[PDB]
Amino acid sequence: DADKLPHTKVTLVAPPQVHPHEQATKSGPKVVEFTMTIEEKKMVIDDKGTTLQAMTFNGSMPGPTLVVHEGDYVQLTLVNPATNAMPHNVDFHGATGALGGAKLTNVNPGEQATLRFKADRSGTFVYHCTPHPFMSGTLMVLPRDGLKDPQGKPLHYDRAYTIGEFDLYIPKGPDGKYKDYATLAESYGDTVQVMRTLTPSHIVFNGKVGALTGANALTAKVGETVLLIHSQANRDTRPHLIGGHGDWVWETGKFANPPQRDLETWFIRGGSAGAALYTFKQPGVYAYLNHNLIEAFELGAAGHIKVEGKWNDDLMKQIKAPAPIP
Amino acid sequence: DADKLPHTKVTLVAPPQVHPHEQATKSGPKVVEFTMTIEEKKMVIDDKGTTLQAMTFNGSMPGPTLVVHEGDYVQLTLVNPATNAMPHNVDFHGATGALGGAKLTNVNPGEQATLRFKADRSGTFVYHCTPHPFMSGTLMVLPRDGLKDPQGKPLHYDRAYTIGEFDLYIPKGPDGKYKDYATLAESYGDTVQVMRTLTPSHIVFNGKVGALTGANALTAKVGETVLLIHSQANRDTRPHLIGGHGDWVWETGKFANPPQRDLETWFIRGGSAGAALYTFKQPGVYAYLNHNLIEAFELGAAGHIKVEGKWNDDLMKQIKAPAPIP
Amino acid sequence: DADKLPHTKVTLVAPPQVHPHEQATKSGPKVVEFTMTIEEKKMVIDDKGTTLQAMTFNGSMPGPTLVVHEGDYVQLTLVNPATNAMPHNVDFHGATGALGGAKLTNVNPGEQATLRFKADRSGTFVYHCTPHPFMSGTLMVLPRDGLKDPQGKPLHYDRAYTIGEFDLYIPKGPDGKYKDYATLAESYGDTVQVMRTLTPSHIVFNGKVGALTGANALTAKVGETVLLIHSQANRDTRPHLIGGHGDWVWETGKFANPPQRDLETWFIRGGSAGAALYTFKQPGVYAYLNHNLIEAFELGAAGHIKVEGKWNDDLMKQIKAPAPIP
Ligand SMILES: [Zn+2]
Ligand SMILES: [Zn+2]
Ligand SMILES: [Zn+2]
Ligand SMILES: [Zn+2]
Ligand SMILES: [Zn+2]
Ligand SMILES: [Zn+2]
Ligand SMILES: [Zn+2]
Ligand SMILES: [Zn+2]
Ligand SMILES: [Zn+2]
């Protein structure tokens, strides 16, 4: 029985980080306790001041990544302060029954509720508010013994990074400029019309064109293995590490399945999270992007990863530098 | 030789049902005989009276699902009554040679023809009229010994359901309202222009926004295993069972391949059929949908499954009901 | 060490052909030397004279396919004559570090450079100019022992064919006709606006609506096994052999992974190359196409394969020819 089990309380962190956690664990089924605070707000989403009338779990797009193990129970306290304007809920793709929890978690402003479900299937899993993919994140459910390659050999990551990718549908006034709305409710009707064209005005990693560039680049060092968790609650995307690979990729994001190796580009189905391991072998700046290069370069779906360490001439070498043609 | 074999005659049924059939079978290679009647007609496809100038196999979108076993031969009598206006044919993705049969089956109004081909590859397979994905269905070819999991362990379904998903491209007049055409031939030119924008006006399960909702919901009981066969002859879709999973999914729909487990969302390539098993564990209403939530909610790609049985507190429990914040 | 190894010089050929090469090889790690000449030019891309302001490796879309083995080193001399107008580079998805080589290969008109990298991961891999998917091709890296099926059984192809698929975004003037630009630089601004709609004006195999039809059809004979290499540096496509199958398909295009069998339609992620084997069993004309039939028929993503040999009545037979209804 679940009630008769130990309870742990987890402190969540902002994306792109994932809270500290154990991979392989001698430990036993726990009930893991999480709390999240829904937050409506306006956000600047590009370099030119365009705003989005947003809804978030915990203030961030994406919401934070919750981590448990196969067999653990997730118990989430979902809070929706009075400072907000709408009901909300949460649908956990990792959970079974009641529209993934959506039905047991409808909370008006100033309300709260608490859900428990068995996390009995390993993998990365999207949770989102039932009709809003803008409010989403990843539930990572690790197998009790850690990640395994197709032959059962152990696998691991030294650091985890979390990337939620968002297709945005921002309306334009008669002048051709993006509309700014005073409330969430007023954005609604125009946004739907733009959504019906199926053409995003913007596709952003982590809230904003550039969220994962400049001072905000991800980081690693040569010899380090990194887990890239990629979620997209609404639209297909195709992650690619420029100059890298996915050493082992669960593109459908479910750990009881063997991963694929050596991927150049993988595929995240809209309504899901997937996961890729890469061990760095060269230093420098990498681009992690959506390999529709229009969606990446023109619309916003690209980030960087600054990698420290020693250059390897065996893997790659500049034989003749750029020079005039003989 | 095929001629020297026993012949069976199968009675087809309307979607979402699949005609009664054997899974694992001690039986031997049969020649299975099917007949289909092509039918052009106008259809109401949404809640507001929008019509589509349609073509169907057997009166329904999708056409009925034909079921055989690996090694069986499909022999189809394709009929096109005089009451119709165009030639038609059938391309079976399950068949080898002659454009999947398209070349041996061109039938003008008042004509008919009969095709046989070896069904020598297991899987769910799309058949459609050569230039019209609107006229399509699934050929399920079962392995002679039934469905197998990745380790060879036997698998099964207690009931099969069939979902054909259709991207529709309905033209608008200068006033902004959907055009109504008196014939199939007059819809053609405007529809092509809208098709060239690659933006469906509608994406429907089984003919109509709502075909699989209300009184028409699919049905199951807790402890039952259901096969969800999903076909899309023209455009990519991404099925998801809200509150459920795909326990075992052949997303490319070919049974000699190991299935994947625990999928939250799977992917059907345009021009194919895939297949998912789910064993229910909770009662209530589920939504089976295209997890581009614009395509589902705004455009029409969503259905329901009403599930009877006993609630399970272990899997999911409401710990604190929605209540004011302390 | 790489410098201490034998060097081979390979002569490249125009698509759809792939230069002669060994599959399984008793031979040892070589350093393979390739040279490519970048070429800007205007091209006619459809039947009605529409032009594209193009950039190519070696004069062709796609660029030629480079073939090596796992363990070999690729050393490419990249040349950009003075007759051109822009810098260019190359990003090899098969390579590790320095943005796949892009950083070590920026070459202005009249410059050249030479890159070496270890090809240490088997598979088909896209190489392209960093911001232009129009300039792309495939690096096929074969496993040293040849293609293997999921059980380790040997596989082979008798001939290889190469298909690069290109989504084109051609601007229209106020009259509704495609714009013709005098330089590459003048096409830029209008093209970007059209790209931002994410709606190709054209999707072409190998440079041109029809490049792989009529006298230019691919060819085979019954009993022959063919490798279809399919690359798409920018957008998702879904190859399908009408009347055929993918006997063994590495849709993510990476050979250390087991292939899937019996596929009706496969999926190439934008930013990747995949690969399918088919052994012909029937003669006639086949269509190899993108199974979004709008993208194929209306936009240009379809080709033919003329197959010689003996008709097989076991696989497929016309039982009753088209005839009046009794
Ligand atoms: Zn909400
Ligand atoms: Zn490590
Ligand atoms: Zn969902
Ligand atoms: Zn037809
Ligand atoms: Zn059962
Ligand atoms: Zn087809
Ligand atoms: Zn370039
Ligand atoms: Zn051969
Ligand atoms: Zn690339």
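Both backbone and side-chain heavy atoms feed into the values below; hydrogens, waters and symmetry mates do not. Throughout, a chain's letter reflects where its sequence line sits, starting with A, and its residues are numbered from 1.
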Using the benzene-type ring in the case of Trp, are the ring centres of [X] and [Y] under 6.0 Å apart?
X: A:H245; Y: A:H240; value: no
X: C:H132; Y: C:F57; value: no
X: C:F166; Y: C:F134; value: no
X: C:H202; Y: C:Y178; value: yes
X: C:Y127; Y: C:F125; value: no

Discussion item. Any heavy-atom pair between the side chains of C:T138 and C:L66 that's under 4.5 Å?
Written reply: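 No, every pair of side-chain atoms sits at 4.5 Å or beyond.
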
Worksheet item: So, do A:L293 and A:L289 sit near enough that their side-chain heavy atoms are less than 4.5 Å apart?
Response: yes

Worksheet entry | C:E39: side chain to side chain contact (heavy atoms under 4.5 Å, CB included) partners, not counting sequence neighbours |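 Partners of C:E39 by the side chain to side chain contact (heavy atoms under 4.5 Å, CB included) criterion, ordered by chain and then number, come out as C:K41, C:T56.
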
Test: [X] and [Y] ion pair at under 4.0 Å:
X: C:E251; Y: B:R269; value: yes
X: A:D46; Y: A:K208; value: no
X: A:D262; Y: C:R121; value: yes

Does a side chain donor of either [X] or [Y] reach within less than 3.5 Å of an acceptor in the other side chain?
X: C:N292; Y: B:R235; result: no
X: C:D190; Y: C:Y181; result: yes
X: C:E111; Y: C:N80; result: no
X: C:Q75; Y: C:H7; result: no
X: C:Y288; Y: C:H230; result: yes
X: C:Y169; Y: C:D167; result: yes
X: A:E165; Y: A:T237; result: yes

